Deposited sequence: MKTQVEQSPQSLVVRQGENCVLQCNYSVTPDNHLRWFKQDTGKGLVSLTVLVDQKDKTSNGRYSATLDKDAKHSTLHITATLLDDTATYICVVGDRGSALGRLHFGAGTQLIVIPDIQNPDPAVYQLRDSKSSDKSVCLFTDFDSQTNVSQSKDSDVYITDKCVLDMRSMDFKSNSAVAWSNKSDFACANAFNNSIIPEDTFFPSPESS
């Protein structure tokens, strides 16, 4: 393995900057590319560095290359939720199609979003066809709240997940819980939920 990336993973909060390292032993080293890969997606090129001492920029991304030290850094300014991804370093050993690419294993970035106006609640939703069946949606809590897996194995609870209503500039966490055996008041007993949490009706 001639291309190494550090850190392997990191967690940051929205608006914070971060620095991603790539070190390599590849010889010769014609150019270095940084790729962004969202989960389940493909490779989006961010920048390509080609000179002995090079610098690039592409919006909030900037990068450097020093070929003497065989070292690159990718700087992300003012992180957003959509930067949650794996960032991959690639070194090309020729300036032509005769080259081979040498891929790093990537650095996993997670960006925790800023929830401005939390309004934590647990709602009951009913099936469109068969109204006797239902789910419990715990929503609008902030990033400090953790959702725990269920004590009862007939009860299912998902991990928290954040959605982005883009045209309103609005984000919200949620988790869902259900069971065949169950009431929404009791669904999240096993989690430390906020005290002000709205339980309607």
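Enquirer: Where along the deposited sequence are residues missing from the model?
Expert: Counting from residue 1, the stretches without coordinates are 1-2, 184-185, 206-209.
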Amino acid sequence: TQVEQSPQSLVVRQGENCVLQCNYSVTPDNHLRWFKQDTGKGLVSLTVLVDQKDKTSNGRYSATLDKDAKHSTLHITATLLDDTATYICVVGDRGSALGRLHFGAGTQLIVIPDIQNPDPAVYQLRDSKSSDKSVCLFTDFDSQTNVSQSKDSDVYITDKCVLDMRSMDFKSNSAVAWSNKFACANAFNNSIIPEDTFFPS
From here on, numbers count along this sequence of modelled residues.
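Enquirer: When the C-alpha temperature factors are averaged for each of 127-135 and 104-112, which stretch ends up with the higher value in the entry?
Expert: Stretch with the higher mean C-alpha B-factor: 127-135.
Enquirer: Comparing 118-126 with 68-76, which has the greater mean CA B-factor as deposited?
Expert: It is 118-126.
Enquirer: Name the one of 165, 147, 176, 48 with the greatest CA B-factor according to the PDB entry.
Expert: Of the options given, 147 has the highest CA B-factor in the PDB entry.
Enquirer: Select one of 17, 189, 9, 23: the residue whose C-alpha shows the highest B-factor in the crystal structure entry.
Expert: Highest CA B-factor of the listed options: 189.
Enquirer: Taking the values exactly as deposited, rank residue 43 by C-alpha B-factor within its chain and report the matching third: lowest, middle or highest.
Expert: Ranked within chain, residue 43 CA B lands in the middle tercile.
Enquirer: Among the chain's modelled residues, which third holds the C-alpha B-factor of residue 197?
Expert: Answer is highest: the recorded C-alpha B-factor places it there.
Enquirer: Splitting the chain's C-alpha B-factors into thirds, which one does residue 5 fall into?
Expert: Ranked within chain, residue 5 CA B lands in the lowest tercile.
Enquirer: Is residue 30 in the lowest, middle or highest third of its chain when residues are ranked by C-alpha B-factor?
Expert: Answer is lowest: the recorded C-alpha B-factor places it there.
Enquirer: Please say which third, lowest, middle or highest, residue 57 falls into when its CA temperature factor is compared across its chain.
Expert: Tercile = middle for this residue's CA B-factor.
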